[PDB]
Structure formats: structure tokens, C-alpha cells
Amino acid sequence: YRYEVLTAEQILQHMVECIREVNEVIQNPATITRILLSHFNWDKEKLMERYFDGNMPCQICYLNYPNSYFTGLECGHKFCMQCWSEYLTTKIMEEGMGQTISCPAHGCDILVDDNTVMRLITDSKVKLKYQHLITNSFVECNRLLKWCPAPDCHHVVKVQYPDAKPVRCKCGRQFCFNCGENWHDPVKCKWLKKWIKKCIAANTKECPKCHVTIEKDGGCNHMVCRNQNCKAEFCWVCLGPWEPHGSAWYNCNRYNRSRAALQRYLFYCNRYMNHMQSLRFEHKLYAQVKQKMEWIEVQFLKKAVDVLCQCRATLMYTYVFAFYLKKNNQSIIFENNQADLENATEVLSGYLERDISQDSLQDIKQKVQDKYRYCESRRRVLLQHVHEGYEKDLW
Ligand SMILES: [Zn+2]
Ligand SMILES: [Zn+2]
Ligand SMILES: [Zn+2]
Ligand SMILES: [Zn+2]
Ligand SMILES: [Zn+2]
Ligand SMILES: [Zn+2]
């Protein structure tokens, strides 16, 4: 998938050109043509079809700078360099900041060409607040250009064609190019958005045999209650027993005036929400992973976390995929490839959260590796079979 990242500088460059191209025989001052293009959404044809048709002191600070700080606008008003700097800078701040800036006397209202607003502003954050502001239309109207999602990031990704794949901004944020959300791989874009419009989950649940209470620290859904009386184990999501889990016959990832909708809804959210809380917990696991690394030999251990973390992601997205799925013969398969993956994940999650330091030092490499290789290989079958899925339309 062909994709490129550009700085606010480069996109401004590109726009500047697209303007200059369009400047004959129209011959307008570059900034007026921008407004005009920006106004037509950058269809250049629609602007054209419509074009052939028809349509020695300084009076601000008061110090005397001799002649050389004095650049003026076309209206003959002549003000000093530092003074402009402040005028522009404070005018590009809220509120009412447009796609332009009028001359400061405000009597004349004749706008200040872009280039000089690039030359004269000093501290470059503001110079960025502008480049964004004047560029924003150029970018939004083109289908090969999308701004990067992060709030404080002014970069833009530019693609060959608008395909809904992941893109990385060196932001270092990654996102779907189509919908601009986080990368979703099993699920379709429209569905995700709908699911988002909806989205409790009970950090406190009680052990089913002894009715004791356990708040959840981590992150693994294989729980072993702490008691002398009952040392028994159970899944967090169904409060039923491990470990018939992830064997063919018990499946904890599958569902049976209609309240049924608001009932079964709670099935899939409860799951997606809980794989999230699970992913949250799995993340504070990184800081812990610098410690027990004690070089190549000893970093498979970031991977385990990388892979465990990755799988929690794909799982949430697989419940979103599944909720909007109407049952059919592939449903029953994907619903299985899921269960394999959910189990491979609870097993590895549970090994890094719990069973590992309660294990010896020699052994932990052999185990962690196999555990996350299988985990990752499960996760790929899930995905490859839904992909081949999307190809036949089967859903
Ligand atoms: Zn001045
Ligand atoms: Zn003026
Ligand atoms: Zn970014
Ligand atoms: Zn998307
Ligand atoms: Zn118990
Ligand atoms: Zn369960």
C-alpha cells in the first residue's frame, strides 16, 4: 500500500504550486486565488467554467526605526517589522481567525498576502497555526490527502489511492486512512463508527464457588480465587469454570416486543469492553519488562507483551465484527477461530501476569516463546479467514 508523509511545510509548498498553476490568465494575487479555489472546494474546473462566464515614526509603537524595518501592504500603510510581527501573531489567535488577515489600520481592510505572513511571524508554532489554517481547505477537499488524527500533530499522509489501510505518521500515531480511527483489521469501517456511537463492566465481581469478592488487577481473564476454602479457577467474563474453556464443547464467546436486542447487545459490549480493560492492564506490563531483561537473547520478552497486547486489540475488533454479523456458515467457523485466539491469549496473558515468576529462570524462554508464537499464529488464521471472507461477500 503506497503512502507518504508530508510536513505542514511540504503541503503548503504543494498548495502554492496548485495556486500558481491556476494563476493565468486570471493573474490574481496568489492569496486571492487561494480564497477563490478554497471556495470552490478546489475543483479547478468549476472555478474555470465560472471564470469564462463571469462573477518617519511607526504609528503603532511610536519609536523611530529609520527606514528598514518598515514593510507595508499595498495600501501604502507603512509599519515597522516587529510591530507587524505582533499584529499577525495575535490576529492568528482566537477568535474569528479566518483564512485571511486584513491590513492593521482596519480602515482599508485590504488583505496581507500569504508569503509576507510567512516571512514576518517569528516564533514558529504560530507560523504553523497559520500554515494549517490556510492549508486546511486544500487538504480536506483532496481525496489523496488526509490530516493526521493526533491533536498536536500538523503532518499529513498522502496516498496513491484511498484504500482503508493502516498508515503511520512518525507521529508516531497509526490510523486507518479511510475513517481516521485506530487500526481495526478484522472489522469494516462503517460498522466501527456505528459501534463507537454506543460506547459499568464491573471492576468488581464475586467468585462463583465461595462468593468472595475480587476486584481485577490485570488483565488476564483466567482467575484463581484467593482462599484457603476454595482455590478454584474460573473465567472473568462468564464467571464459569476454567478450563473446559477453549475446548470444542464449551464456548464462552458465542451467543444463543424484543428485549433480546438489548440483551445480546450487552453480550458483545461486555466482551469488547472487557478486552479493553484487559488491554489497558496489559500495557503497564511494558515498564515491568525492562526489569526482568537481564541482549538479543533477552528481548523476546518485549515481543510477548507486544503480541499479547496486539491480540487484545484484534479481539475487541472481532467482537465488533461479530455483533453486526448475521449468522451463517462462516459465522460458525470465525466464531471458532476466535475462541482459539481468545484462549491462546488468556493463556499467554496469564503466563506473564501470573505463572512466570512462580516458574524457574531457565525455563521461561522456552515457554514464553511457544506461548506467543501460537498466540500470534491463532490471530493470523482468524484474520486471514475473515479476509478471504470479505472477498466472497459471505457476511
Ligand atoms: Zn512599530
Ligand atoms: Zn492599509
Ligand atoms: Zn501525526
Ligand atoms: Zn477505518
Ligand atoms: Zn473462591
Ligand atoms: Zn468464559
# chains A, B, ... in the order shown; residues from 1 in each chain; ligands from 1
$ residues_near_ligand --ligand "ligand 5" --cutoff "9 Å" --atoms "only C-alpha atoms and all ligand atoms" --output "MDAnalysis selection string"
chainID A and resid 206:213 224:233
$ write_last_selection --atoms "N, CA and C atoms" --output "PDB file, in the first residue's frame"
ATOM      1  N   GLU A 206     -17.783 -11.342  41.912  1.00  0.00           N
ATOM      2  CA  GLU A 206     -17.582 -12.296  43.005  1.00  0.00           C
ATOM      3  C   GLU A 206     -17.345 -13.732  42.547  1.00  0.00           C
ATOM      4  N   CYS A 207     -16.360 -14.376  43.170  1.00  0.00           N
ATOM      5  CA  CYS A 207     -16.030 -15.777  42.907  1.00  0.00           C
ATOM      6  C   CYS A 207     -17.232 -16.690  43.102  1.00  0.00           C
ATOM      7  N   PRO A 208     -17.570 -17.448  42.060  1.00  0.00           N
ATOM      8  CA  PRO A 208     -18.790 -18.251  41.962  1.00  0.00           C
ATOM      9  C   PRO A 208     -18.882 -19.414  42.945  1.00  0.00           C
ATOM     10  N   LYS A 209     -17.769 -20.017  43.353  1.00  0.00           N
ATOM     11  CA  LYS A 209     -17.848 -21.074  44.364  1.00  0.00           C
ATOM     12  C   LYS A 209     -17.977 -20.569  45.805  1.00  0.00           C
ATOM     13  N   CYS A 210     -17.099 -19.647  46.200  1.00  0.00           N
ATOM     14  CA  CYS A 210     -17.126 -19.086  47.554  1.00  0.00           C
ATOM     15  C   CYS A 210     -17.764 -17.697  47.711  1.00  0.00           C
ATOM     16  N   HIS A 211     -18.252 -17.122  46.620  1.00  0.00           N
ATOM     17  CA  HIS A 211     -18.957 -15.841  46.676  1.00  0.00           C
ATOM     18  C   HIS A 211     -18.107 -14.745  47.316  1.00  0.00           C
ATOM     19  N   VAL A 212     -16.794 -14.942  47.346  1.00  0.00           N
ATOM     20  CA  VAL A 212     -15.907 -13.904  47.844  1.00  0.00           C
ATOM     21  C   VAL A 212     -15.866 -12.846  46.756  1.00  0.00           C
ATOM     22  N   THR A 213     -15.245 -11.710  47.022  1.00  0.00           N
ATOM     23  CA  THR A 213     -15.228 -10.670  46.013  1.00  0.00           C
ATOM     24  C   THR A 213     -13.800 -10.399  45.576  1.00  0.00           C
ATOM     25  N   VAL A 224      -7.792 -17.242  39.485  1.00  0.00           N
ATOM     26  CA  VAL A 224      -7.818 -18.229  40.554  1.00  0.00           C
ATOM     27  C   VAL A 224      -8.063 -17.516  41.878  1.00  0.00           C
ATOM     28  N   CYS A 225      -9.251 -17.729  42.431  1.00  0.00           N
ATOM     29  CA  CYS A 225      -9.689 -17.006  43.615  1.00  0.00           C
ATOM     30  C   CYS A 225      -8.733 -17.271  44.765  1.00  0.00           C
ATOM     31  N   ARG A 226      -8.563 -16.285  45.638  1.00  0.00           N
ATOM     32  CA  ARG A 226      -7.642 -16.432  46.758  1.00  0.00           C
ATOM     33  C   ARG A 226      -8.384 -16.747  48.052  1.00  0.00           C
ATOM     34  N   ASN A 227      -8.223 -17.983  48.503  1.00  0.00           N
ATOM     35  CA  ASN A 227      -8.929 -18.503  49.653  1.00  0.00           C
ATOM     36  C   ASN A 227      -8.140 -19.709  50.132  1.00  0.00           C
ATOM     37  N   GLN A 228      -8.326 -20.116  51.379  1.00  0.00           N
ATOM     38  CA  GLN A 228      -7.943 -21.472  51.724  1.00  0.00           C
ATOM     39  C   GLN A 228      -9.103 -22.374  51.307  1.00  0.00           C
ATOM     40  N   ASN A 229     -10.319 -21.922  51.614  1.00  0.00           N
ATOM     41  CA  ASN A 229     -11.534 -22.715  51.426  1.00  0.00           C
ATOM     42  C   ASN A 229     -11.792 -23.129  49.974  1.00  0.00           C
ATOM     43  N   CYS A 230     -11.679 -22.182  49.043  1.00  0.00           N
ATOM     44  CA  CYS A 230     -11.765 -22.505  47.615  1.00  0.00           C
ATOM     45  C   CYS A 230     -10.626 -21.858  46.826  1.00  0.00           C
ATOM     46  N   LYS A 231      -9.746 -22.689  46.283  1.00  0.00           N
ATOM     47  CA  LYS A 231      -8.633 -22.218  45.460  1.00  0.00           C
ATOM     48  C   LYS A 231      -8.990 -22.283  43.973  1.00  0.00           C
ATOM     49  N   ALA A 232     -10.265 -22.549  43.712  1.00  0.00           N
ATOM     50  CA  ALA A 232     -10.769 -22.844  42.372  1.00  0.00           C
ATOM     51  C   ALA A 232     -10.584 -21.714  41.362  1.00  0.00           C
ATOM     52  N   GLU A 233     -10.632 -22.082  40.081  1.00  0.00           N
ATOM     53  CA  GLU A 233     -10.443 -21.137  38.979  1.00  0.00           C
ATOM     54  C   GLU A 233     -11.651 -21.025  38.032  1.00  0.00           C
TER      55      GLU A 233
END
$ residues_near_ligand --ligand "ligand 3" --cutoff "8 Å" --atoms "only C-alpha atoms and all ligand atoms" --output "list in words"
residues 147, 148, 149, 150, 152, 153, 154, 155, 156, 168, 169, 170, 171, 172 and 173 of chain A
$ write_last_selection --atoms "N, CA, C and O atoms" --output "compact mmCIF listing (two decimals), in the first residue's frame"
# COMPACT_ATOMS: atom_id res chain seq x y z
N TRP A 147 -5.24 14.79 6.94
CA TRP A 147 -4.50 15.24 8.10
C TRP A 147 -4.34 14.09 9.06
O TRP A 147 -5.24 13.26 9.19
N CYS A 148 -3.22 14.04 9.76
CA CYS A 148 -3.05 13.07 10.83
C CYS A 148 -3.87 13.46 12.07
O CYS A 148 -3.86 14.61 12.50
N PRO A 149 -4.56 12.47 12.64
CA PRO A 149 -5.54 12.50 13.73
C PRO A 149 -5.04 13.16 15.01
O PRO A 149 -5.79 13.91 15.64
N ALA A 150 -3.80 12.88 15.39
CA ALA A 150 -3.29 13.42 16.64
C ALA A 150 -3.54 14.92 16.70
O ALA A 150 -3.42 15.61 15.68
N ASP A 152 -1.98 17.50 18.38
CA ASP A 152 -0.87 18.44 18.30
C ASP A 152 0.00 18.20 17.07
O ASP A 152 1.03 18.85 16.90
N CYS A 153 -0.41 17.26 16.22
CA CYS A 153 0.36 16.95 15.02
C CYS A 153 -0.20 17.61 13.75
O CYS A 153 -1.38 17.44 13.41
N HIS A 154 0.66 18.37 13.07
CA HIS A 154 0.29 19.06 11.83
C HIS A 154 0.73 18.40 10.50
O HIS A 154 0.57 18.99 9.44
N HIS A 155 1.31 17.20 10.57
CA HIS A 155 1.69 16.42 9.38
C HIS A 155 0.46 15.96 8.59
O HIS A 155 -0.66 16.03 9.08
N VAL A 156 0.65 15.54 7.34
CA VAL A 156 -0.44 14.92 6.58
C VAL A 156 0.02 13.74 5.72
O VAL A 156 1.04 13.82 5.04
N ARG A 168 1.22 5.07 9.18
CA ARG A 168 1.98 5.55 10.34
C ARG A 168 2.59 6.91 10.04
O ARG A 168 3.21 7.12 9.00
N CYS A 169 2.40 7.85 10.96
CA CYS A 169 2.70 9.25 10.73
C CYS A 169 4.07 9.70 11.25
O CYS A 169 4.44 10.87 11.10
N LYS A 170 4.83 8.80 11.86
CA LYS A 170 6.06 9.21 12.52
C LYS A 170 5.60 10.22 13.55
O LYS A 170 6.33 11.11 13.97
N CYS A 171 4.33 10.07 13.91
CA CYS A 171 3.65 10.94 14.84
C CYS A 171 3.82 10.64 16.34
O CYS A 171 3.76 11.57 17.14
N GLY A 172 4.01 9.38 16.74
CA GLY A 172 4.11 8.22 15.87
C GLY A 172 2.81 7.46 15.67
O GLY A 172 2.83 6.25 15.40
N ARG A 173 1.69 8.16 15.81
CA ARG A 173 0.35 7.60 15.68
C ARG A 173 0.11 6.80 14.39
O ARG A 173 0.51 7.19 13.30
$ residues_near_ligand --ligand "ligand 4" --cutoff "9 Å" --atoms "only C-alpha atoms and all ligand atoms" --output "number ranges by chain"
A: 164-166, 175-185, 187-190, 192-193
$ select_by_dssp --residues "segment 77-314 of chain A" --states "alpha helix (DSSP H)" --output "PyMOL selection string"
chain A and resi 81-91+114-120+126-141+189-198+260-283+285-291+301-314
$ residues_near_ligand --ligand "ligand 1" --cutoff "7 Å" --atoms "only C-alpha atoms and all ligand atoms" --output "VMD selection string"
chain A and resid 58 to 63 79 to 83
$ residues_near_ligand --ligand "ligand 6" --cutoff "8 Å" --atoms "only C-alpha atoms and all ligand atoms" --output "PDB file with C-alpha atoms, in the first residue's frame"
ATOM      1  CA  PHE A 234     -12.961 -19.518  36.585  1.00  0.00           C
ATOM      2  CA  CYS A 235     -13.237 -17.119  33.623  1.00  0.00           C
ATOM      3  CA  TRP A 236     -13.867 -13.438  34.457  1.00  0.00           C
ATOM      4  CA  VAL A 237     -16.295 -12.858  31.647  1.00  0.00           C
ATOM      5  CA  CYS A 238     -18.774 -15.704  32.180  1.00  0.00           C
ATOM      6  CA  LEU A 239     -17.961 -16.452  35.857  1.00  0.00           C
ATOM      7  CA  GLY A 240     -17.997 -20.074  34.713  1.00  0.00           C
ATOM      8  CA  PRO A 241     -15.183 -22.570  35.145  1.00  0.00           C
ATOM      9  CA  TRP A 242     -11.820 -22.665  33.533  1.00  0.00           C
ATOM     10  CA  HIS A 245     -12.759 -23.178  28.172  1.00  0.00           C
ATOM     11  CA  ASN A 251     -17.736 -21.723  24.144  1.00  0.00           C
ATOM     12  CA  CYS A 252     -17.786 -18.520  26.109  1.00  0.00           C
ATOM     13  CA  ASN A 253     -17.520 -16.271  23.056  1.00  0.00           C
TER      14      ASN A 253
END
$ closest_atom_pairs --of "chain A" --to "ligand 2" --cutoff "9 Å" --atoms "only C-alpha atoms and all ligand atoms" --output "CSV"
residue,atom,partner,partner_atom_place_in_ligand_line,distance
A:72,CA,ligand 2,1 (Zn),8.0
A:73,CA,ligand 2,1 (Zn),6.2
A:74,CA,ligand 2,1 (Zn),7.2
A:75,CA,ligand 2,1 (Zn),4.7
A:76,CA,ligand 2,1 (Zn),6.3
A:77,CA,ligand 2,1 (Zn),4.8
A:78,CA,ligand 2,1 (Zn),8.0
A:102,CA,ligand 2,1 (Zn),8.0
A:103,CA,ligand 2,1 (Zn),4.7
A:104,CA,ligand 2,1 (Zn),6.4
A:105,CA,ligand 2,1 (Zn),5.4
A:106,CA,ligand 2,1 (Zn),6.8
A:107,CA,ligand 2,1 (Zn),6.8
A:108,CA,ligand 2,1 (Zn),4.9
A:109,CA,ligand 2,1 (Zn),6.5
A:110,CA,ligand 2,1 (Zn),6.2
A:111,CA,ligand 2,1 (Zn),8.4
$ closest_residue --among "A:247, A:377, A:136, A:349" --to "residue 336 of chain A" --atoms "only C-alpha atoms"
A:247
$ select_by_dssp --residues "segment 148-387 of chain A" --states "strand (DSSP E)" --output "list in words"
residues 156, 157, 158, 159, 166, 167, 168, 174, 175, 176, 204, 205, 206, 213, 214, 215, 222, 223, 224, 233, 234 and 235 of chain A
$ residues_around --residues "residue 305 of chain A" --least-positions-apart "2" --cutoff "8 Å" --atoms "only C-alpha atoms" --output "ChimeraX atom specification"
/A:282-283,285-286,301-303,307-309
$ atom_distance --atom1 "atom CA of residue 85 of chain A" --atom2 "atom CA of residue 70 of chain A"
11.5 Å
$ atom_distance --atom1 "atom CA of residue 30 of chain A" --atom2 "atom CA of residue 116 of chain A"
11.6 Å
$ closest_atom_pairs --of "segment 110-193 of chain A" --to "segment 12-26 of chain A" --cutoff "9 Å" --atoms "only C-alpha atoms" --output "JSON lines"
{"residue": "A:131", "atom": "CA", "partner": "A:12", "partner_atom": "CA", "distance": 6.7}
{"residue": "A:132", "atom": "CA", "partner": "A:12", "partner_atom": "CA", "distance": 8.4}
{"residue": "A:134", "atom": "CA", "partner": "A:12", "partner_atom": "CA", "distance": 8.4}
{"residue": "A:135", "atom": "CA", "partner": "A:12", "partner_atom": "CA", "distance": 6.2}
{"residue": "A:138", "atom": "CA", "partner": "A:15", "partner_atom": "CA", "distance": 6.7}
{"residue": "A:139", "atom": "CA", "partner": "A:15", "partner_atom": "CA", "distance": 8.7}
$ decode --residues "segment 306-341 of chain A" --atoms "C-alpha atoms" --output "mmCIF file, in the first residue's frame"
data_model
loop_
_atom_site.group_PDB
_atom_site.id
_atom_site.type_symbol
_atom_site.label_atom_id
_atom_site.label_comp_id
_atom_site.auth_asym_id
_atom_site.auth_seq_id
_atom_site.Cartn_x
_atom_site.Cartn_y
_atom_site.Cartn_z
ATOM 1 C CA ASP A 306 3.819 -6.734 22.003
ATOM 2 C CA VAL A 307 1.985 -9.856 20.831
ATOM 3 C CA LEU A 308 -0.231 -10.203 23.909
ATOM 4 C CA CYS A 309 -1.096 -6.523 23.501
ATOM 5 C CA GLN A 310 -1.744 -6.897 19.784
ATOM 6 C CA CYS A 311 -4.138 -9.788 20.315
ATOM 7 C CA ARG A 312 -6.267 -7.934 22.816
ATOM 8 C CA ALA A 313 -6.707 -5.314 20.098
ATOM 9 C CA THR A 314 -7.763 -7.717 17.336
ATOM 10 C CA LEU A 315 -10.137 -9.352 19.769
ATOM 11 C CA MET A 316 -12.072 -6.193 20.550
ATOM 12 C CA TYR A 317 -12.331 -5.615 16.841
ATOM 13 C CA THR A 318 -13.505 -9.203 16.357
ATOM 14 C CA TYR A 319 -16.408 -8.668 18.717
ATOM 15 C CA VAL A 320 -17.309 -5.503 16.832
ATOM 16 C CA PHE A 321 -17.063 -7.546 13.642
ATOM 17 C CA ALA A 322 -19.220 -10.250 15.163
ATOM 18 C CA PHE A 323 -22.020 -8.139 16.636
ATOM 19 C CA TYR A 324 -23.027 -6.809 13.231
ATOM 20 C CA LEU A 325 -22.600 -10.192 11.598
ATOM 21 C CA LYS A 326 -25.737 -12.057 10.629
ATOM 22 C CA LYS A 327 -25.302 -15.758 11.382
ATOM 23 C CA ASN A 328 -24.344 -18.076 8.552
ATOM 24 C CA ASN A 329 -21.988 -20.965 7.907
ATOM 25 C CA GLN A 330 -18.774 -18.909 8.142
ATOM 26 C CA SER A 331 -20.065 -17.348 11.354
ATOM 27 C CA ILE A 332 -19.679 -20.755 12.984
ATOM 28 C CA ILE A 333 -16.068 -21.009 11.749
ATOM 29 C CA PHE A 334 -14.966 -17.487 12.532
ATOM 30 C CA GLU A 335 -16.659 -17.888 15.894
ATOM 31 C CA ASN A 336 -14.287 -20.815 16.416
ATOM 32 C CA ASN A 337 -11.084 -19.211 15.139
ATOM 33 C CA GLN A 338 -11.934 -16.509 17.630
ATOM 34 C CA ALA A 339 -12.251 -18.909 20.539
ATOM 35 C CA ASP A 340 -8.858 -20.399 19.662
ATOM 36 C CA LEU A 341 -7.361 -16.944 19.696
#
